[PDB]
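Asks: Here is the sequence, then the experimental structure:
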Amino acid sequence: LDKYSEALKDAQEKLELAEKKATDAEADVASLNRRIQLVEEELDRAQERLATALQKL
Amino acid sequence: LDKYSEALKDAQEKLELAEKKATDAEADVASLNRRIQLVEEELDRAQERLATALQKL
Amino acid sequence: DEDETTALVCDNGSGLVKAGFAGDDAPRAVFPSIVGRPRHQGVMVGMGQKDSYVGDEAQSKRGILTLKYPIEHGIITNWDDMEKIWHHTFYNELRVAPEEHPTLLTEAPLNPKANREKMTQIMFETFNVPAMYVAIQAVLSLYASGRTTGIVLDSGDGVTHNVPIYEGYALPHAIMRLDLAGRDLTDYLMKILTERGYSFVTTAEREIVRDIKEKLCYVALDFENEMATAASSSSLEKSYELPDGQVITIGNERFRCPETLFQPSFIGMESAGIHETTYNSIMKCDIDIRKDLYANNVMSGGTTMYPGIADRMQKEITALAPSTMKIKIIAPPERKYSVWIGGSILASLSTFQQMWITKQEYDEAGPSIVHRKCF
Amino acid sequence: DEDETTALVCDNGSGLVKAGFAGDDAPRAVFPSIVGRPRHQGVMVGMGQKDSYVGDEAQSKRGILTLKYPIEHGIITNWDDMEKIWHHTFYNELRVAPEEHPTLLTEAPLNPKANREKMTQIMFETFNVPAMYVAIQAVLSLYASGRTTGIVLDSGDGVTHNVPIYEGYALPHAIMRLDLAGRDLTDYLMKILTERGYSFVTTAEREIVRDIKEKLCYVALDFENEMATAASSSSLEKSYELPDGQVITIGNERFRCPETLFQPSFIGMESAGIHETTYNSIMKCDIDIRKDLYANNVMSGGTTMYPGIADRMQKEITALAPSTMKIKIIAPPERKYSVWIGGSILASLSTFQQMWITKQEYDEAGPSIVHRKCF
Amino acid sequence: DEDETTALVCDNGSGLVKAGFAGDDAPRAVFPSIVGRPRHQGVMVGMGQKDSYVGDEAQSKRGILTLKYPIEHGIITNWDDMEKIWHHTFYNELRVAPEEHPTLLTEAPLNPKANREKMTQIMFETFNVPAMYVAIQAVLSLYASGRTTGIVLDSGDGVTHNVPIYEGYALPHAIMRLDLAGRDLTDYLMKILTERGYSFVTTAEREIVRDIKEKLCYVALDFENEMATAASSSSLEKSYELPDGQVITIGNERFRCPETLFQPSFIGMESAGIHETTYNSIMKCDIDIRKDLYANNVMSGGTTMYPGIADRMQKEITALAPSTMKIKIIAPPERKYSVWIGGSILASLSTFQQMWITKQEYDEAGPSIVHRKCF
């Protein structure tokens, strides 16, 4: 009971921490999804700016 | 014991799932960071190439 | 007891044998690679008592048995004990008679040839298996981990083979075989526990130290700082209950044991550690391969279950690796069981159904056929 | 599927292969002239993996492949591999089978006959192209440049052609075809970088060096002043990032390699260099045709992107040329792609529709017809 | 002990260092290019015991030393270890202080520049040698072997250089430097000896494998037929005595390792082998050169000491060569010593006395002077 209780408090604590880590990792994915959309748009814009500079060239 | 063992298989399964969620979320934190850096690098390069295009302009 | 003639998979390590049927995600049962024998004179009449005990029987009756391992550093030398283990494994506990099922076995690519040849011979001649296939641990580990590309560093019980694979291809010139494994880490621990007043020298004592190690030891991401406090205070010790009511605690011995993976000199080996061998397997591959192997460092085998090993290995490679490159470790819960799982995956792949030696080709060619048909 | 059955256009060099359809101003895709083959034993099964790779596939999977080039010094020596390249180039990538479209290929006017004959043969016999026409590369350079008069010096990967053309006519007695090219500059750079402590010998290493050359090298219009400083100070060195994160810097070697186009002795070649061959292509023509060729040095092909090549090719010619006379280099943005672009221009001319070999005339005469109908 | 200020001569590779005096026909001493270091903790005191061991000291005490060499694939990267090797070589065995004797060192023609530059710097600044001269190993090989013209096939511990010389002149565009060498053969042999059940993973074991290779291995003329019997019977096995009294028998491994020279893929190298590589050096030379190079393929260095190598190379080269032409291999007993001997010759020739860098010119210019004075 103690081994399972210990494994349980640890599985449950690791779960709170794995879920937290998952939440944080997912939160990072979300922050990073924003970094992608922002950088992706800036790249499309930069490619357009580049094309513009080159077209002007 | 069965309750702790079961509470454990469930805390542990939720943990494997939370750890998996974290693993996959992290796989994506990393895939996103790779895309962010690939896009930020393409952006910086678009901006280097823009600065160059503008200099060449 | 199975309702389909699937292949059987049996991962016969120098430590334990994991076995079950192909297509599953786990061994159905795990047996030690042990045949036990009494080291005492019988006193009572009509007590039964075997001349030898096999697998879990050997551990169950171990109080008066000397326990031997037929496999040394990954190679079978005692085929008779292997046959006993396999018969018990397949017929008594897994409930799969090989005569009705093809069988896949596992081994390092540089495991001397007698291993793959003798294992093939026994399954065809004493078990009458309809077909055989001896698989390579590096292949099996990448399948289990979901990769085609990566470094397989199998820190198992016997020998570490350190083998790079790219796009499914072997890169053999970059293989770094190291004579360091979990069995040696256990031996180091026994000597340092002796230093602390806990002398373990007999079989029962040795099996107990292995169990203690598995539950108490960790790698530490900074050996010297961890040791500075582990050696100074009880606050970094962990207890273990010995089978006889006695207790043991472990201090810096708790991390010095796995440290041998990073410092093989601890057991007398001329090596810089598993992270240098991992590094060299990446470095010795072509320059357009290196980037993919750095990002796909695969931990496999047992000992991968010491806390912190997955992280320390990323740190140790990052420290040797060029900047810009991404260094990453793959370390799933399917650790230590990854070779067996890879066997299950491989045995059941449609892409593998042409790789099996049937018991036709076998008799026409003899067991040496394994060197032409398997690897 | 296409709006009109215009010709497919493809320039097959010793370096790159480029293709698109007639009438546009760019190829749709560029491929290296490569067919790749695994140089390793596969161990994992169901990994896909081709027996041979083509174009960009060969370069993308190069980590375990040996890569071969079917074209050398302007000619096809391995037509089977070109067949694979043409299938990929025209059908897999432009999505057009040659069966329904005329195809325009290219070759130098002093290119060995077997090559213009083989290109004609393969497109008619393995691709069933309804028509063929193998273009003069110098003509296409002039079409893309908007010139009818000038010396076309195409300094590509394979061969430097050096041909004087006046009012749309060739002056063949004055063509200085020279076996000095971009491929030699790449191998010279592999050897000079070896001297600097960065050895390069394998396919992956050669592809890295070709990438270094394409991003870091230049000619230098005044190489003596440029090397006096570049060979004396790190301020003239430029860093390059290798695939595995390594950094290589190159100093005077950065321009000394391209300098070989003016200094062929660096690679063991007996030649006057590209500026003297331009000079002789002009000087060997009648005096009423040189006054126009001096004023029209037409730069084409690749290697033309090195900064200082146009000015370095104009200064050297001016030095060899008579005084009073105006020497002028034409070096348009349509560089390296000028032959493909000219191909598109030739293919779309209404007057060019009378120049095609049909897949009738071809079978009646055989591939030798290319010399009766094309050039 | 000398009665003249004769030049000192040393030929320093990744394998061994041969040293003696100019005018002699053999080195006075041979050392491994090794500095050894203890890998064990001392327990007893008053045992002598060095921090480091050099040359033969390192080999004699190797049972407890890790042995490292300063030279990799022909280049010295660890000058400190070479300084120690040279001090021992010159002062203890040759019994000479370089201060009173000029010194000749050697390197391959395409060896990175840092080698000849650092060697020049150390002999002038730590040994105070009155003069220096870094020789071309190919030149030295031609003098020792009795030729001015031919392909130098050194196939040494570091690299195979494959360099054509005609009338005493370099033909550098045709040098096929190849990353295939004696040190890779040692590594390959231990992997195949592992297959036989004998593990060789420590330094002492590595040097033993090198010794096994040198005494037991060969190439012969027909690999497949030799393998057909070697793989079938003990009648083609040879016993080697290991230092502890145990033996290893070697079968087809006896030739499978040496075969790597003809099949470099055995060690993961992208190469056609030494016979084709030799051929290519000849084919890259002008046709009025080729006739003399075909008739004069000359062996030097090491690995050219395998039974059947001069005869197999003649067969393999004549098989690639044009008919009518006579192909011959020169393979003198001055094998393995011929580069050193050539050093002795170049140094003793009166025709070479103007080629020395003096310790005047050296200090005025610095060590970079070697690139203006040597070659």
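Replies: Done, it's in. Numbers count the residues shown, from 1 in each chain, chains lettered A, B, ... in the order given.

Asks: Show me how far stretch A:43-57 is from its chain's centre.
Replies: Centroid separation for stretch A:43-57 versus its chain: 29 Å, with CA atoms, centre = their mean, to the nearest Å.

Asks: which stretches of the stretch 1-150 of chain C form strands?
Replies: C:8-12, C:16-21, C:29-32, C:35-38, C:53-54, C:65-68, C:71-72, C:75-76, C:103-107, C:131-136, C:150-154 (DSSP state E, counting those that start in this stretch).

Asks: Please save the CA atoms from the fourth one in CSV.
Replies: What it means is strand C:35-38. What follows is strand C:35-38, C-alpha atoms only, in CSV (Å, rounded to 0.1, in the frame of the first residue of the first chain):
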residue,chain,number,x,y,z
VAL,C,35,19.9,-21.2,-14.4
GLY,C,36,20.3,-21.8,-10.7
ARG,C,37,22.0,-24.7,-9.0
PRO,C,38,22.1,-25.7,-5.3
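
Asks: ok, and the closest non-adjacent residue to residue C:318?
Replies: residue C:327 (4.5 Å; CB to CB, 6 or more residues apart in numbering or on different chains). C-beta: built from backbone N, CA, C; applies to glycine.

Asks: cool, residue C:315 as well?
Replies: residue C:221 (6.3 Å).

Asks: about what we covered before: tell me the contacts of the residue nearest to residue C:318?
Replies: C:294, C:295, C:297, C:314, C:317, C:318, C:321 (CB atoms under 8 Å, 6 or more residues apart in numbering or on different chains).

Asks: Residue C:154 touches residue C:139, doesn't it?
Replies: No. Applying CB atoms under 8 Å, one finds residue C:154 not in contact with residue C:139, separated by 11.4 Å.

Asks: higher neighbour count, these two?
Replies: residue C:154 (30 against 26; other CB atoms under 10 Å in any protein chain shown).

Asks: any idea how far residue D:64 is from the residue of the stretch 151-300 of chain C found nearest chain B?
Replies: Residue nearest to chain B within the stretch 151-300 of chain C: residue C:295 (9.1 Å; CB to the nearest CB). The spacing between residue C:295 and residue D:64, counted by CB to CB, to the nearest Å, is 17 Å.

Asks: higher neighbour count, the two?
Replies: Neighbour totals were compared for residue C:295 and residue D:64, and residue D:64 leads with 25 against 18 (other CB under 10 Å).

Asks: ok, so what distance separates the more buried one from residue C:148?
Replies: 11 Å.

Asks: So for those two, which residues contact both of them?
Replies: In contact with both residue D:64 and residue C:148: residue C:167, using CB under 8 Å, 6+ apart.

Asks: What are the boundaries of the helices in chain A?
Replies: A:2-56 (DSSP state H).

Asks: And the stretch 201-350 of chain C, by the same measure?
Replies: In the stretch 201-350 of chain C, the helices defined using DSSP state H, counting those that start in this stretch lie at C:203-216, C:223-230, C:253-259, C:274-283, C:290-294, C:309-318, C:338-347.

Asks: Out of those, which one sits most buried?
Replies: helix C:338-347 (a mean of 27; mean count of other CB atoms under 10 Å in any protein chain shown).

Asks: And the next helix or strand past that one?
Replies: Next helix or strand after helix C:338-347 toward the C-terminus (DSSP states H and E): strand C:357-358.

Asks: can you count the residues close to the residue lying closest to residue C:173 once chain neighbours are set aside?
Replies: In space, and not counting its chain neighbours, residue C:173 is closest to residue E:268: 3.0 Å by CB to CB, 6+ apart. Number of residues near residue E:268 (other CB under 10 Å) recorded here: 19.

Asks: can I assume residue E:268 is in contact with residue C:170?
Replies: No. The pair residue E:268 / residue C:170 is not scored as a contact, 9.5 Å apart, by CB under 8 Å.

Asks: Quick one: end-to-end distance for stretch C:1-10.
Replies: 17 Å (CA to CA, to the nearest Å).

Asks: How far does that stretch sit from its chain's centre?
Replies: 23 Å.

Asks: What of stretch C:366-374?
Replies: 24 Å.

Asks: buried set for that stretch?
Replies: In terms of neighbour count (16 or more other CB atoms under 10 Å in any protein chain shown), stretch C:366-374 has its buried residues at C:367, C:369, C:370, C:373, C:374.

Asks: do the same with stretch C:26-46
Replies: Counting neighbours by 16+ other CB under 10 Å, one finds that the buried residues in stretch C:26-46 are C:27, C:28, C:29, C:30, C:31, C:32, C:33, C:34, C:35, C:36.

Asks: Please identify which pair of the residues you listed lies farthest apart.
Replies: C:28 and C:36 (22.4 Å; CB to CB).

Asks: what sits up against stretch A:19-26?
Replies: Contacts of stretch A:19-26 (CB under 8 Å, 6+ apart): B:14, B:18, B:19, B:21, B:22, B:25, B:26, B:28, B:29.

Asks: Okay, domains of chain C per the record?
Replies: C:4-34+C:71-134+C:337-371, C:35-68, C:136-181+C:271-332, C:182-267 (CATH domains of a matching chain).

Asks: which of the ones you listed is buried the deepest?
Replies: domain C:136-181+C:271-332 (a mean of 22).

Asks: Span of that one from start to end?
Replies: Terminal residues of domain C:136-181+C:271-332 are spaced 19 Å apart (CA to CA).

Asks: go on, stretch C:357-367?
Replies: Stretch C:357-367 end-to-end distance (CA to CA) = 10 Å.

Asks: now swap in stretch C:219-227 and tell me
Replies: OK, stretch C:219-227 end separation, CA to CA: 11 Å.

Asks: what does stretch C:158-172 give?
Replies: OK, stretch C:158-172 end separation, CA to CA: 20 Å.

Asks: what do you get for stretch C:121-140?
Replies: Start-to-end, stretch C:121-140 (CA to CA) is 22 Å.

Asks: gap between that stretch and the chain center?
Replies: 18 Å.

Asks: Over in chain A, which residue gets nearest chain D? Let me know.
Replies: residue A:57 (9.7 Å).

Asks: Which residue is the nearest non-sequential neighbour of that residue?
Replies: Using CB to CB, 6+ apart, the closest residue to residue A:57 is residue B:57 (4.4 Å).

Asks: Show the contacting residues for the one you found.
Replies: A:53, A:54, A:56, A:57.

Asks: among those, which two are most distant?
Replies: A:54 and A:56 (7.2 Å).

Asks: Neighbour count for those two, which is higher?
Replies: Set residue A:54 next to residue A:56 and count neighbours by other CB under 10 Å: residue A:54 wins out with 15 against 10.

Asks: can you count the residues close to the residue of chain A found nearest chain E?
Replies: Using CB to the nearest CB, the single residue of chain A nearest to chain E is residue A:43, 37.4 Å away. By the measure other CB under 10 Å, the count of residues near residue A:43 is 22.

Asks: For it, give its distance to residue B:30.
Replies: Distance from residue A:43 to residue B:30, by CB to CB: 20 Å.

Asks: out of the helices of the stretch 201-350 of chain C, which comes closest to residue E:333?
Replies: Comparing those by CB to CB, helix C:274-283 comes nearest, at 38.6 Å.

Asks: Next one: the closest one, is it in contact with chain E?
Replies: No. Counting by CB under 8 Å from any CB of the partner chain, chain E is not contacted by helix C:274-283; separation bottoms out at 10.7 Å.

Asks: helices and strands around that helix, which ones?
Replies: strand C:150-154, strand C:163-166, helix C:290-294, helix C:309-318 (3 or more CB pairs under 8 Å, 6 or more residues apart in numbering or on different chains; DSSP states H and E).

Asks: if we go to 10 Å?
Replies: strand C:150-154, strand C:163-166, helix C:290-294, strand C:297-300, helix C:309-318 (3 or more CB pairs under 10 Å, 6 or more residues apart in numbering or on different chains; DSSP states H and E).
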